[PDB]
Amino acid sequence: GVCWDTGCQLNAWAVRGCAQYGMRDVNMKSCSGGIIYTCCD
């Protein structure tokens, strides 16, 4: 049971999704153009 959110993600511009890292998202943050995804487990 461990979580961790990453800074502003710009990669979202082209493609997004916690799946990219091989985990499930739990929360997100506000970002101009991009979006933050909190992957856990």
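Parameters and conventions
- Residues numbered from 1 in each chain as written, not as in the entry; some residues may be left out.
- Heavy atoms only, no water.
- Disulfide = S-S within 2.5 Å.
- Helix = DSSP H or I, 4+ residues; strand = E, 2+ residues; numbered from the N terminus.
- Buried < 20%, exposed > 50% of the residue type's maximum accessible area, 1.4 Å probe, protein only.
- Salt bridge = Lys/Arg side-chain N within 4 Å of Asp/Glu carboxyl O.

(A) Quick look at the state of the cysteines. Counted under the stated rule, the structure contains three disulfides. Two residues share a disulfide in this structure: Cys 3 and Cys 40, whose sulfurs sit 2.1 Å from each other. The disulfide joining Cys 3 to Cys 40 has a torsion of about 120° about its S-S bond and is therefore right-handed. Of the two residues, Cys 3 is situated in strand 1 (residues 3–5) and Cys 40 in strand 3 (residues 36–40); the sequence distance between them amounts to 37 residues. By relative accessible area, which is 51% here, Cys 3 ends up exposed. Classification of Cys 40 as buried rests on a relative accessible area of 5%.

(B) Structural view of the pattern of salt bridges. Inspection of the entire model under this criterion finds one salt bridge. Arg 24 serves as the salt-bridge partner of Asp 25, at 3.5 Å between the closest nitrogen and oxygen. Residue classification places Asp 25 among the partly exposed residues on the basis of a relative accessible area of 33%.

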